[PDB]
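The structure appears right after this line, and notes come after that.
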Amino acid sequence: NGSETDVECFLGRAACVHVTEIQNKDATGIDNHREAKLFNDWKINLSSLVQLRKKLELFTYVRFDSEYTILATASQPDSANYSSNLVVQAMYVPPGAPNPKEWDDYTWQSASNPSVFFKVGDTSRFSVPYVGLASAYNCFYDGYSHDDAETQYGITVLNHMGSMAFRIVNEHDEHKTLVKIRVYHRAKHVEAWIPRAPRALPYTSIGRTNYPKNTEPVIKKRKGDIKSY
Amino acid sequence: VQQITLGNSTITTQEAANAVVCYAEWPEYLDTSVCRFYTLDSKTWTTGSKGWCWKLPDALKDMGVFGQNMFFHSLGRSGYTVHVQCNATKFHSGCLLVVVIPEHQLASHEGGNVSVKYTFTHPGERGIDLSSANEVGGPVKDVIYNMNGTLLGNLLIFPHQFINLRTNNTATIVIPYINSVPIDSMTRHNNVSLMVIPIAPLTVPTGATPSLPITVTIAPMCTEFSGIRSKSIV
Amino acid sequence: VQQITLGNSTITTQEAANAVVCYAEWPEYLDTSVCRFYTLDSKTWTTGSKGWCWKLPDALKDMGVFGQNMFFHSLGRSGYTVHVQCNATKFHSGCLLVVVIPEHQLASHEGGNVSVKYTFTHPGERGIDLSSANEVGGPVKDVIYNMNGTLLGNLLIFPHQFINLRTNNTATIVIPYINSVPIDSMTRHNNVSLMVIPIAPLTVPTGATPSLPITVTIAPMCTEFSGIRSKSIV
Amino acid sequence: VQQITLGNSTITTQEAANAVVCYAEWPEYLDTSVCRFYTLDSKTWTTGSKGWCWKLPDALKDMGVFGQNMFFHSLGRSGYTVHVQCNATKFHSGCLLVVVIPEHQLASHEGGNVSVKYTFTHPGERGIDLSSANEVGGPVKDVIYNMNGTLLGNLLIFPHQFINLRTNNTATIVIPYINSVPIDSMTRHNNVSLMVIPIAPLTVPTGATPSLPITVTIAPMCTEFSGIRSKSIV
Amino acid sequence: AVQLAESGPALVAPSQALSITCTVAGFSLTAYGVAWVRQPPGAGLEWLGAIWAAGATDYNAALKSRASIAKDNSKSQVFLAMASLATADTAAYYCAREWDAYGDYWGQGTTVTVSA
Amino acid sequence: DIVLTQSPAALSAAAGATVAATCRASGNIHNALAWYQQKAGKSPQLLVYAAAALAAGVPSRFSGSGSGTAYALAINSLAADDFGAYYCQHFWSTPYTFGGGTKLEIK
Amino acid sequence: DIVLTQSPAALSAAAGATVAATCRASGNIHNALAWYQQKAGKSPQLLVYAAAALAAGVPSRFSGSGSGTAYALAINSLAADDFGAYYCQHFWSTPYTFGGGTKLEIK
Amino acid sequence: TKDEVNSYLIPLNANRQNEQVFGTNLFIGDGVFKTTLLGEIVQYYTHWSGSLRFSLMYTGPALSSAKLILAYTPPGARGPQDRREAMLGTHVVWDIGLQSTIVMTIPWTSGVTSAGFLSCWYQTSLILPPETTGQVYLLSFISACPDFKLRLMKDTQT
């Protein structure tokens, strides 16, 4: 009767957590492989999406296996003569593993980073288990992580869900191809603890409960007095 | 009943259903060591009070054998029995919301990536005076948003209890160990935060002093520590 | 007990032997139709109040389904449960006599063959303010003679109950149908008259308002009407 | 039989298989409250009559206790027993089609997105005179297209009954509650529409008045209303 | 629009009464109350009293005896009466609507001077 | 009774200076205070209700503050229309007494 | 304390006019008031007790009325003996304070 | 015009009889309920259809007493505009002196004028203890009865 209100169903639906854009071109004389968008890594951050952040932060703890669906679509806004048949490496960097700094790093061929090779226009799909270090993720952390010094009060590495890195395996053509990648995360086997108050005010930081200053009142005023229906 | 003796401490109280066991889970191992009543300094609930906030185990960090074992042992695991008693006549009105918030991550009063300093996230027996001025590096003290951007009315989803001075004067909240790890460092991380918030303001009669003491008595129960520092190396 | 629900109405009250069943006869047929609590406008018992008098069924003549069926049907037959509640502190003194008088024929203030007009013998929810001035055609309002030439002390032979604000604040009087006919026209003839009379005057402390509300809650019970207007002609 | 008494009403009628229970479903709960015969104003079936259309429950909206409870309660649920009787001699000819149309959404006489006004979709006891002139905002009255763009011959798929004055003079159609919701607002939405349509025209003999009365008697049966307005708040 | 037109005779000898009224146009006296505030020239505003949204009245501590407020709910008129008039009653008398139990929508007020 | 003492009595300032009128009560109003503005021969108009909330049709130059007994009315960057007598009124305990009044004049 | 303010202070009337002396109290006397009559160099004598009841040896010209705080002493058709100072005294709450006094003189 | 603790406080006033204390409709997606825990989770979905649990809490002094009459106007009807129309409908006459907390179950609605109204009226004037004058407050609470459903999940934006 109330199967839509389950936290398996309320929190467990595929949202768009990341949209990046990488390019297929040559690295001849290219200094920065991120300003050129030869690759993009993304620290997996479900609180970057404020609609899913506001739903996850209705609970103190949450434990879920992950489920990533990756849609890569190409684009060639220049003279092209053909639409190229491209392959994207979508490499999952686990927590504690090093991220790529170049598109031709050693990290892309590292056997311990699982990577998906799929075509552009097709879609990838894989699942990552609960890769937290606690028995649940911490939506809120009242304290410091690993240290007696200043550790930013709630910024903890217990909530590290990994990282996704994306490049095009193909070499360059004579035209530039722009691949836009949409990562779709679905929390599965969700279980949640200690329900909290819903957040009324907007966000200013990730991992911090800081609300903006001189913001607007969330409790809206009546058009009359307290006796007015 | 009315002479509850725990250790060499004794308090006098009233209860009929007063204990609020949080989430219907009594604290239990994974007493008789540090289990006694630690009675904090009484706060003065004046007419213009906004509230008080104590972090646990940070409120008990200098409290005798508990605060000694808190800094001696790294890892620990404690539940609490918090008595908040606001003694008054039958002429005072007003209402306190005694609420226990697990993982009450506070909001800084500067916004953005500005974080709250360790001086203010760990205020000790003093707690956070929510009616005082925002200091540089401290939390935001606007009580309507519960110091975390969530409204004050929705604070009743946490394990709470009202002190309506018309009806009662005591609130007992039996807190278990609430964390995502089985044991944790008690000195860098606060499990729960006790807040005592006046919703309805304190009204005194004419001829009464516009202030009223609030006594917080925290008894740590089912307190465990790590087996290291007494585990043998052989 | 304290959440007495009758229909879609609910009142909160106190009783241990509070109900005064008149003449030890519970009202009975010769509920569940018009049986609900009708709560009249609260009267202000000031320090110079002389009393109030409501006629029944005339006090309930505009009261919803009861007052609709009172003017729809000619003949009717109702008993009553009258709660008179005078909420106060433990600082007020004074005493009310809540009395129910069957066939309280009133006396005109002009004497002789002068009779009281229908405007005043049927005053409605307002009742008769016994502390007001005598109007032309109205009853005499001298409370010592009970508006009928009989002394106020002898009014305790009628089914009564005191509200001594020292002791209690409520009076419940369960009125049956008292008439010499088995059924009668409810619109031209008043069966009983509820009177609420301050015998001992209302004394307030210094710092209190010299007035005190009185709430009359009349629940008609065992209310019957004539079988005509739904009897078939065939 | 011939003295059917329902409430304080009584009608005299004839039946052998006359009742047309719509879709072989007798009306039933999900009487004895508002169940009586409401006898509408008799229509004059002249020689140039085109038909009449009554909306239900809109035809019974001013009809006593039913029309009182229709506007008192928001939600309601009623079935009907509609007797259409056209008393005549054995010299009249002609044929009426007494049809009951669930959800008879009417067509406006202006076409396009022009809708029919609430004055005309809810005409009351008067009904819609299909032989009158189209007014601004009213429905189309062309009887061949049943006021909805569907031909008159195909109107027999709805639960109908003929009054052939050669054969009989009465038509009884027992209507259940037909809706896609279990209970609905009776004041904004018409469940069925009774239509009385002369297919074969009324022919009178020479020496007879070219007109003939039609009596519609609607008895609401299994009438339910919402539990609110008498549900307790406690 | 919420307007409260004051109306008074404004030429009254002392030791007499006042019939200084306020017609209410826009709202109802059964749902809102009306506050009375006078201001003598030179000196400041002074509260007189408030009849509430259903019957009850409050007054000044010094003017419980002199002042009296009633209202007609059908005709939407609010009545202010004073006894034992002095030269200190030369003041513009104002009406208001009780908005959140405060006072606003003040009319322009009738200046009522008590003179010989 | 709760007696309002509105200090000062009159102020001289130019169009742009900051004016902070002040009311202090005997009893505790519990923020149930209203500030009024009045011109010469005009009706008083409501600026601030509940000691912090600006009323309808009030510019953001006005700002009510204060809690308990003392309440400030800070006006920032005065205009030409903002000269007149300013009166508190508490709405707590019946009687609803006023303050003394602060008038504004030009330097 | 309950303070009686007896208004007016003195009256000029002829033998036959109606004199209505008045007392008004701070507190509520609950009709426990006594009126007194005094001549020049004579003892005060009791006229009305309980604010309505004429005392012994008092003619029916005197008539006490009033309830609560305000109490009138209506005297109808004055005689020659009825000139003097008239004092209330309440007998409710200890102290039993008097009023100011109304003297009668001839026009 | 700002958010504060005073917005949760329903003010009560002495010497007011037959006035209204508060009044609201029972759309639990807008108005007073939009920011509550019920109405923040109701507005994640499209259709609620259940019973509500409405509470009040008197926080004035133990010697003060009043009778408040708590009217429920169902959906489709008009909210009352005097105390007597409130009494002739569905109500509780709640004596503040005796019962410090009242709990009232709003009937099953399927409310998605409409959704019902809920007002409170002074039966008696508020009697305050001596030389304790001013305002006392009510605290109102909303939740759901356990037959409350919720379906067709949607998305709030900002």
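Identifiers in the structure tokens: chain A, B, ... in order shown; residue index from 1 per chain; ligand index from 1 in order shown.
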
| query | Quick one: residues within 9 Å of segment 168-183 of chain A, only C-alpha atoms counted, chain neighbours fewer than 4 positions away excluded, as a PyMOL selection string? | reply | chain A and resi 15-27+38-39+68-81+83-90+103+117+120

Requested write-out: C-alpha atoms of the selected residues, as a compact mmCIF listing (two decimals), in the first residue's frame:
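File produced: selection37.txt:
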```
# COMPACT_ATOMS: atom_id res chain seq x y z
CA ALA A 15 19.30 10.50 -11.07
CA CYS A 16 21.75 12.46 -13.20
CA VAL A 17 24.75 12.94 -10.94
CA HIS A 18 27.37 14.13 -13.43
CA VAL A 19 27.51 15.60 -16.94
CA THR A 20 31.03 16.02 -18.31
CA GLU A 21 32.41 16.69 -21.76
CA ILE A 22 35.60 15.22 -23.22
CA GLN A 23 37.09 15.77 -26.66
CA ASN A 24 38.85 13.57 -29.20
CA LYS A 25 41.83 15.45 -30.60
CA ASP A 26 45.60 15.11 -30.70
CA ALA A 27 47.89 15.79 -27.75
CA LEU A 38 41.30 15.21 -23.25
CA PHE A 39 40.02 13.47 -20.13
CA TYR A 68 26.19 3.72 -12.69
CA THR A 69 24.70 4.09 -16.15
CA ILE A 70 26.90 6.13 -18.46
CA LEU A 71 25.56 7.65 -21.67
CA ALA A 72 28.15 9.07 -24.07
CA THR A 73 26.90 11.09 -27.05
CA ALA A 74 29.11 12.70 -29.68
CA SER A 75 29.03 16.08 -31.41
CA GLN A 76 31.09 17.60 -34.24
CA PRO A 77 30.38 21.33 -34.58
CA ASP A 78 33.15 21.84 -37.16
CA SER A 79 33.88 20.52 -40.64
CA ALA A 80 33.99 16.79 -40.16
CA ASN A 81 33.22 14.78 -43.39
CA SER A 83 30.77 10.95 -37.75
CA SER A 84 33.53 8.95 -36.12
CA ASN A 85 32.93 5.61 -34.37
CA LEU A 86 34.38 6.27 -30.93
CA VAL A 87 35.10 4.18 -27.83
CA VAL A 88 35.11 5.68 -24.31
CA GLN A 89 37.05 4.27 -21.37
CA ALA A 90 34.94 4.95 -18.28
CA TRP A 103 44.99 10.95 -20.61
CA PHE A 117 35.03 0.27 -22.77
CA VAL A 120 29.73 6.55 -28.05
```

| request: Using only C-alpha atoms, select each residue of chain A with any atom at most 9 Å away from an atom of chain E, and give the selection as JSON, numbers by chain. | output: {"A": [224, 225, 226, 227]}

| query | Given the choices H:153, H:38, H:88, H:128, which gets closest to chain D if the distance is worked out from only C-alpha atoms? | reply | H:88

| field | Test item: residues at most 7 Å from segment 56-59 of chain A, only C-alpha atoms, excluding those fewer than 3 positions along its chain, as a PyMOL selection string | value | chain A and resi 52-53+62+139+192-198

| said: Would you pick out the contacts of residue 2 of chain C at 10 Å or less, using only C-alpha atoms, so that residues sharing its chain but fewer than 3 positions from it are not included, and give the list as an MDAnalysis selection string? | reply: (chainID C and resid 5 10:15) or (chainID H and resid 94:95 98:99)

Just need the residues of chain F within 12 Å of chain E, counting only C-alpha atoms, so spit them out as a compact mmCIF listing (two decimals) with C-alpha atoms, in the first residue's frame.
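Final output, saved to out38.txt:
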```txt
# COMPACT_ATOMS: atom_id res chain seq x y z
CA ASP F 1 0.89 48.93 33.48
CA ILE F 2 3.74 48.91 30.97
CA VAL F 3 5.00 52.48 30.55
CA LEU F 4 7.00 53.30 27.41
CA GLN F 6 10.74 56.91 24.18
CA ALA F 9 12.37 63.82 22.32
CA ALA F 32 5.07 42.90 20.72
CA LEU F 33 5.93 46.48 19.77
CA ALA F 34 4.72 48.69 16.92
CA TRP F 35 6.40 51.84 15.60
CA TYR F 36 4.40 54.63 13.96
CA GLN F 37 5.19 57.56 11.68
CA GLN F 38 3.09 60.72 11.64
CA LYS F 39 3.28 63.94 9.63
CA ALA F 40 1.83 67.37 10.44
CA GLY F 41 -1.95 67.05 10.35
CA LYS F 42 -1.78 63.55 8.85
CA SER F 43 -2.81 60.21 10.28
CA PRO F 44 -0.20 57.94 11.90
CA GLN F 45 1.00 55.14 9.64
CA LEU F 46 2.46 51.82 10.72
CA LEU F 47 6.15 51.24 9.93
CA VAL F 48 7.35 48.31 12.05
CA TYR F 49 5.24 45.69 13.79
CA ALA F 50 6.50 42.93 16.12
CA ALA F 51 9.61 45.10 16.81
CA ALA F 53 8.89 43.21 10.91
CA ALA F 55 4.76 46.68 7.61
CA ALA F 56 3.16 46.83 4.17
CA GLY F 57 4.24 49.79 2.08
CA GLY F 84 7.93 63.48 11.40
CA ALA F 85 7.01 62.31 14.87
CA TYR F 86 7.69 58.66 15.71
CA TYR F 87 5.72 56.83 18.40
CA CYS F 88 6.07 53.36 19.85
CA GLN F 89 3.08 51.39 20.99
CA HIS F 90 3.24 48.07 22.77
CA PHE F 91 0.48 45.54 22.16
CA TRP F 92 1.10 43.12 24.99
CA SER F 93 -1.12 43.46 28.03
CA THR F 94 -4.10 45.94 27.54
CA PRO F 95 -3.57 49.00 28.06
CA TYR F 96 -1.65 49.65 24.85
CA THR F 97 0.31 52.70 25.91
CA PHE F 98 2.37 54.88 23.57
CA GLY F 99 5.81 56.36 24.02
CA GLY F 100 6.76 60.00 24.25
CA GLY F 101 7.75 60.65 20.64
CA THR F 102 10.80 61.51 18.52
CA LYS F 103 10.48 64.32 15.99
```

| query | Which residues come within 6 Å of residue 66 of chain A, counting only C-alpha atoms, excluding same-chain residues fewer than 4 positions away, as a VMD selection string? | reply | chain A and resid 127 to 129 187 to 188

| message | Env of residue 4 of chain E: 7 Å cut, atoms = only C-alpha atoms, seq-sep filter 5 positions within chain, self excluded. Answer as a list in words. | response | residues 22, 23, 24, 25, 95, 96, 106 and 107 of chain E

With N, CA, C and O atoms retained, export the selected residues as a PDB file, in the first residue's frame.
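The new file again-v2.pdb reads:
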```
ATOM      1  N   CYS E  22     -17.394  55.969  13.932  1.00  0.00           N
ATOM      2  CA  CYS E  22     -16.565  55.527  12.816  1.00  0.00           C
ATOM      3  C   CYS E  22     -17.370  54.548  11.981  1.00  0.00           C
ATOM      4  O   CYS E  22     -17.626  53.422  12.418  1.00  0.00           O
ATOM      5  N   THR E  23     -17.763  54.967  10.785  1.00  0.00           N
ATOM      6  CA  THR E  23     -18.358  54.041   9.840  1.00  0.00           C
ATOM      7  C   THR E  23     -17.269  53.166   9.237  1.00  0.00           C
ATOM      8  O   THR E  23     -16.196  53.648   8.865  1.00  0.00           O
ATOM      9  N   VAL E  24     -17.547  51.871   9.165  1.00  0.00           N
ATOM     10  CA  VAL E  24     -16.589  50.866   8.726  1.00  0.00           C
ATOM     11  C   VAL E  24     -16.977  50.429   7.323  1.00  0.00           C
ATOM     12  O   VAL E  24     -18.063  49.878   7.112  1.00  0.00           O
ATOM     13  N   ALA E  25     -16.094  50.682   6.363  1.00  0.00           N
ATOM     14  CA  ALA E  25     -16.334  50.341   4.967  1.00  0.00           C
ATOM     15  C   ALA E  25     -15.178  49.484   4.482  1.00  0.00           C
ATOM     16  O   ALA E  25     -14.038  49.952   4.421  1.00  0.00           O
ATOM     17  N   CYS E  95      -9.713  56.078  14.392  1.00  0.00           N
ATOM     18  CA  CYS E  95     -10.071  54.668  14.402  1.00  0.00           C
ATOM     19  C   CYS E  95      -9.059  53.871  13.598  1.00  0.00           C
ATOM     20  O   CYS E  95      -8.356  54.414  12.745  1.00  0.00           O
ATOM     21  N   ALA E  96      -9.001  52.574  13.875  1.00  0.00           N
ATOM     22  CA  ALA E  96      -8.045  51.688  13.240  1.00  0.00           C
ATOM     23  C   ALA E  96      -8.673  50.323  13.052  1.00  0.00           C
ATOM     24  O   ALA E  96      -9.718  50.013  13.620  1.00  0.00           O
ATOM     25  N   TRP E 106      -5.482  53.827   9.727  1.00  0.00           N
ATOM     26  CA  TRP E 106      -6.021  54.931  10.501  1.00  0.00           C
ATOM     27  C   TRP E 106      -6.678  55.942   9.569  1.00  0.00           C
ATOM     28  O   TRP E 106      -6.098  56.331   8.550  1.00  0.00           O
ATOM     29  N   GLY E 107      -7.895  56.353   9.908  1.00  0.00           N
ATOM     30  CA  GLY E 107      -8.556  57.400   9.160  1.00  0.00           C
ATOM     31  C   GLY E 107      -7.916  58.751   9.412  1.00  0.00           C
ATOM     32  O   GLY E 107      -7.037  58.912  10.256  1.00  0.00           O
TER      33      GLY E 107
END
```

| field | Selection: 6 Å around segment 66-76 of chain E, only C-alpha atoms, excl. self and same-chain fewer than 3 positions, as JSON, numbers by chain | value | {"E": [23, 24, 29, 63, 79, 80, 81, 82, 83]}

Those residues with N, CA, C and O atoms, as a compact mmCIF listing (two decimals), in the first residue's frame please?
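So again-v4.txt came out as:
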```txt
# COMPACT_ATOMS: atom_id res chain seq x y z
N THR E 23 -17.76 54.97 10.79
CA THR E 23 -18.36 54.04 9.84
C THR E 23 -17.27 53.17 9.24
O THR E 23 -16.20 53.65 8.86
N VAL E 24 -17.55 51.87 9.16
CA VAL E 24 -16.59 50.87 8.73
C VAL E 24 -16.98 50.43 7.32
O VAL E 24 -18.06 49.88 7.11
N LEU E 29 -17.10 44.17 11.52
CA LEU E 29 -16.76 44.30 12.92
C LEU E 29 -16.82 42.99 13.68
O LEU E 29 -16.37 42.93 14.83
N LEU E 63 -9.00 56.16 32.12
CA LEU E 63 -10.23 56.48 31.41
C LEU E 63 -11.16 55.28 31.31
O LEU E 63 -11.91 55.15 30.33
N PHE E 79 -18.76 53.18 18.13
CA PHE E 79 -19.19 54.32 18.92
C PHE E 79 -18.21 54.58 20.06
O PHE E 79 -17.87 53.66 20.81
N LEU E 80 -17.77 55.82 20.19
CA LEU E 80 -16.97 56.27 21.32
C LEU E 80 -17.74 57.33 22.08
O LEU E 80 -18.19 58.32 21.49
N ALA E 81 -17.89 57.13 23.39
CA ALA E 81 -18.57 58.08 24.26
C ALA E 81 -17.66 58.41 25.44
O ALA E 81 -16.95 57.54 25.95
N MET E 82 -17.69 59.67 25.87
CA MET E 82 -16.92 60.12 27.03
C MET E 82 -17.81 60.95 27.94
O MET E 82 -18.68 61.69 27.47
N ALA E 83 -17.58 60.84 29.24
CA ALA E 83 -18.28 61.63 30.24
C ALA E 83 -17.30 62.56 30.94
O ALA E 83 -16.10 62.30 30.98
```

| said: Just list as a PyMOL selection string whatever in chain H DSSP marks as strand (DSSP E). | reply: chain H and resi 9-13+20-25+45-47+52-58+67-73+90-95+101-106+117-122+135-144+151-153

Sorted per-residue table, chain C near chain B, closest atoms and distance, 12 Å, only C-alpha atoms, as JSON lines:
```
{"residue": "C:89", "atom": "CA", "partner": "B:91", "partner_atom": "CA", "distance": 11.7}
{"residue": "C:90", "atom": "CA", "partner": "B:90", "partner_atom": "CA", "distance": 11.7}
{"residue": "C:207", "atom": "CA", "partner": "B:206", "partner_atom": "CA", "distance": 9.8}
```

Generate the output file for the selected residues, N, CA, C and O atoms, as an mmCIF file, in the first residue's frame.
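Okay, this is what ended up in out.cif:
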```cif
data_model
loop_
_atom_site.group_PDB
_atom_site.id
_atom_site.type_symbol
_atom_site.label_atom_id
_atom_site.label_comp_id
_atom_site.auth_asym_id
_atom_site.auth_seq_id
_atom_site.Cartn_x
_atom_site.Cartn_y
_atom_site.Cartn_z
ATOM 1 N N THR C 89 -9.441 30.293 38.902
ATOM 2 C CA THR C 89 -8.209 29.918 39.581
ATOM 3 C C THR C 89 -8.550 29.364 40.960
ATOM 4 O O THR C 89 -9.710 29.113 41.296
ATOM 5 N N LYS C 90 -7.525 29.173 41.783
ATOM 6 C CA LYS C 90 -7.699 28.842 43.188
ATOM 7 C C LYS C 90 -7.602 30.079 44.067
ATOM 8 O O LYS C 90 -7.311 29.983 45.263
ATOM 9 N N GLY C 207 -5.286 42.419 41.712
ATOM 10 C CA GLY C 207 -4.514 42.010 40.560
ATOM 11 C C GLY C 207 -5.248 41.077 39.631
ATOM 12 O O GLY C 207 -4.675 40.663 38.619
#
```

| Would you list which chain B residues are within 9 Å of chain H using only C-alpha atoms, as a ChimeraX atom specification? | /B:90-95,142-145,151-154,157,164-167,198-201,203-207

Please, could you write that set of residues out with C-alpha atoms as a tab-separated table (two decimals), in the first residue's frame?
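Result file follows (again22.tsv):
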```
chain	number	residue	atom	x	y	z
B	90	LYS	CA	3.32	27.04	39.62
B	91	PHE	CA	3.38	30.65	38.43
B	92	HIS	CA	5.94	30.38	35.63
B	93	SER	CA	4.91	29.59	32.08
B	94	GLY	CA	7.02	28.80	29.06
B	95	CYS	CA	8.14	25.69	27.22
B	142	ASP	CA	20.17	31.42	14.63
B	143	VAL	CA	17.89	29.06	16.52
B	144	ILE	CA	15.08	29.01	13.94
B	145	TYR	CA	17.37	27.07	11.57
B	151	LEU	CA	13.78	24.60	10.63
B	152	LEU	CA	13.09	24.49	14.37
B	153	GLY	CA	9.63	22.97	14.03
B	154	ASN	CA	11.01	19.89	12.28
B	157	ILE	CA	11.81	14.02	14.42
B	164	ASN	CA	6.08	22.57	29.69
B	165	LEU	CA	6.33	24.37	33.03
B	166	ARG	CA	2.55	24.23	33.25
B	167	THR	CA	2.73	20.42	33.18
B	198	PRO	CA	12.79	27.76	24.77
B	199	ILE	CA	9.97	27.70	22.25
B	200	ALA	CA	7.39	29.47	24.34
B	201	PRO	CA	9.23	32.26	26.17
B	203	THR	CA	6.94	34.56	31.45
B	204	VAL	CA	7.26	35.34	35.15
B	205	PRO	CA	4.55	36.96	37.31
B	206	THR	CA	4.93	40.50	38.57
B	207	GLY	CA	7.10	40.16	41.66
```

Could you produce a table of the residues of chain H lying within 7 Å of chain A, with the nearest pair of atoms per residue and their separation in Å rounded to one decimal, using only C-alpha atoms, ordered by chain and increasing residue number, as a tab-separated table?
```
residue	atom	partner	partner_atom	distance
H:1	CA	A:221	CA	6.5
H:2	CA	A:217	CA	5.5
H:3	CA	A:217	CA	5.5
H:20	CA	A:227	CA	6.2
H:21	CA	A:227	CA	6.5
H:22	CA	A:227	CA	4.4
H:23	CA	A:227	CA	4.5
H:24	CA	A:229	CA	4.3
H:25	CA	A:229	CA	5.5
H:35	CA	A:219	CA	6.6
H:37	CA	A:198	CA	6.8
H:40	CA	A:198	CA	7.0
H:149	CA	A:2	CA	6.0
H:150	CA	A:2	CA	6.7
H:151	CA	A:4	CA	6.1
```

| message | Would you mind listing, as a PyMOL selection string, all residues of chain E that have at least one atom within 12 Å of chain C, where only C-alpha atoms are what counts? | response | chain E and resi 54-56+58

Output the selection as a PDB file, in the first residue's frame - N, CA, C and O atoms for each residue.
```pdb
ATOM      1  N   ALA E  54     -15.211  40.568  18.807  1.00  0.00           N
ATOM      2  CA  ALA E  54     -16.504  40.090  19.282  1.00  0.00           C
ATOM      3  C   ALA E  54     -16.748  40.662  20.676  1.00  0.00           C
ATOM      4  O   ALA E  54     -16.414  40.038  21.685  1.00  0.00           O
ATOM      5  N   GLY E  55     -17.333  41.850  20.718  1.00  0.00           N
ATOM      6  CA  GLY E  55     -17.889  42.402  21.948  1.00  0.00           C
ATOM      7  C   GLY E  55     -17.016  43.059  22.986  1.00  0.00           C
ATOM      8  O   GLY E  55     -17.352  44.142  23.471  1.00  0.00           O
ATOM      9  N   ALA E  56     -15.908  42.424  23.355  1.00  0.00           N
ATOM     10  CA  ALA E  56     -15.156  42.842  24.528  1.00  0.00           C
ATOM     11  C   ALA E  56     -14.398  44.137  24.268  1.00  0.00           C
ATOM     12  O   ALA E  56     -13.976  44.424  23.148  1.00  0.00           O
ATOM     13  N   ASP E  58     -11.498  47.136  25.918  1.00  0.00           N
ATOM     14  CA  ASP E  58     -10.451  47.523  26.848  1.00  0.00           C
ATOM     15  C   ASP E  58     -10.306  49.034  26.792  1.00  0.00           C
ATOM     16  O   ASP E  58     -10.710  49.670  25.820  1.00  0.00           O
TER      17      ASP E  58
END
```

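Our summary of the geometry notes that atom CA of residue 116 of chain C is positioned 8.9 Å from atom CA of residue 140 of chain C.
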